[PDB]
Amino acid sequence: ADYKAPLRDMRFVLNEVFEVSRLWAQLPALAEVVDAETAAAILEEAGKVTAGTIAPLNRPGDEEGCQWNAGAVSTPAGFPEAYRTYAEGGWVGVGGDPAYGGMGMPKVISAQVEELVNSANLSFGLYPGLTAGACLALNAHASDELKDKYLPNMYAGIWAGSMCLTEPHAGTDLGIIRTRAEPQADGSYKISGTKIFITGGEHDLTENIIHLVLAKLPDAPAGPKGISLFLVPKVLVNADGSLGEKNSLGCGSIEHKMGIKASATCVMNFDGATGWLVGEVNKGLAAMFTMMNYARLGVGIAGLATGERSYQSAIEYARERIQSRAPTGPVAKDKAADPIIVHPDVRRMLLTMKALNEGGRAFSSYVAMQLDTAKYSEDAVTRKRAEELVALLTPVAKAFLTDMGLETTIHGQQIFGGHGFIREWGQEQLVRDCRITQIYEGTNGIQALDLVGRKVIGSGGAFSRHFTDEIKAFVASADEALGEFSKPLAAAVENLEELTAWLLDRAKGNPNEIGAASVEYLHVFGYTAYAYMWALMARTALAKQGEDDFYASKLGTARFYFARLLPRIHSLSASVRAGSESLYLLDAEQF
């Protein structure tokens, strides 16, 4: 199965359900840069480049992997050429600041482009995602000199970015980093230390790589309040903008990984490398606050993108592979067996993927819409509500879309039976690739702890009530037909509210309760949020039913979600309600 961009579903979500073009027209910051016509032409081109240049390199990229030769890292055959086309097309800076040569597309558009590229070839997609991420942090916190020297080449994709955070002993716990930044009389800093697991730390796609390095000044306090952020170029830039002296840094090695094998994962060594402070001393983590809001959604989209790619392979296979006969009797009388889509269990797996992919795509767009409101709204109370929904929902997007993407890729493989275990079919690679999204931009367990700890307990539940108030107003608006979906949605919202109240009470004076609830609570939240997404899509499909087979497909998928997936909330809620006690009965030596 060739990758085909899901542009019809993407139009349905953005233009028919959320009607985002209505919102742009009101915001003169976006009215200048995008309209329905512009957005449509951007998606058609993105679909063309992703299917035509990027998707064909996915399988051979996994089979070849990256190579390390005396410090130089090479990507698989055709990756540098495909990157050059991508970058020349403007795709690295599509959501970039126009003040420095970016296209200025809102996140609802750049997030769809992200899905297309990551579906086509996740290894390829992560490369420009780094650069776009690094730009967010430099735009928000770097000095005018740094922004003017580095942003234009990064938005053009001529220079790549990297995030150099993780050390051998420090991933989640960045407060204990050892990398040091020594202040120089000339205003610069010399960075010394070792970073690991650095995606795109070194490669052959760009003439330069602009590293954002977490380090501590020698007099820094211990823990996270001692952390600073530095811009450290691979190649120092001469006064006239030409490339100058190679910086005192290098890639010592690349990792042997489960998946995204075409993604160079670098041990980066810094030996008094010259760099410049981004933001303020001791406020390195705050310098990444915006970057990480956008990255949490972007990682969710990466997980979803692998699920979408697996479904495209699985449905084509389920229509072509013949095996056994339908339980109600032979369907394909002209043949020796029936297409496997006739079998109940095959339909169960396919529909689980379809409902999770389409629900995840809707939720990704909803979250992108909150980021765009937070950024672009002229109303301060509107911006602030959007900021609170970003803070609540980005961890959910990160952990839930990646956990559902993994289940989706596993169904996609299992549909093929034994053939799914063979690499030439591509399904096994998507499982391996999808596993990276559950630890990329930190572990999902840390995302779920942020949700329950800071976003739920930390706001007294107020942030959640902003979300569930919007859902309840939706329910109150529902006509009789939409009641099929609004009624179970309301019951799901009540279940989540009671579980929230249980947790606020149980967590008082019992810190272990927070982590104990975290992951399963985040799942209850996720299935509740997808019920809201599915009810919103059911409302539009009910209105347009009979106008196009697309709407009948949407409603059948919705009905599967509510019938077989939404009931997942009950077991998860009961497990959460068991509390932390059974996690702590045993001492570490008793395991």
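One rule holds for the numbers: they count along the sequence shown, beginning at 1.
In this crystal structure, the stretch out of 330-338 and 284-292 whose C-alpha atoms carry the higher mean B factor is 330-338. Taking the PDB entry as given, 181-189 carries the higher mean Cα B factor of the two stretches 392-400 and 181-189.
Of the residues listed, 457, 314, 232, 519, the entry assigns the biggest Cα temperature factor to 457.
In this entry, the residue among 405, 426, 244, 200 with the greatest C-alpha B factor is 244. Among the modelled residues of its chain, residue 167 has a C-alpha B-factor that falls in the lowest third according to the deposited record. For residue 364, the recorded CA B-factor ranks within the lowest third of the chain. Only modelled residues enter the ranking. Per the deposited record, the Cα B-factor of residue 111 falls in the lowest third when ranked against the other modelled residues of its chain. Per the deposited record, the Cα B-factor of residue 123 falls in the middle third when ranked against the other modelled residues of its chain. Sort the modelled residues of the chain by CA B factor and residue 155 lands in the middle third.
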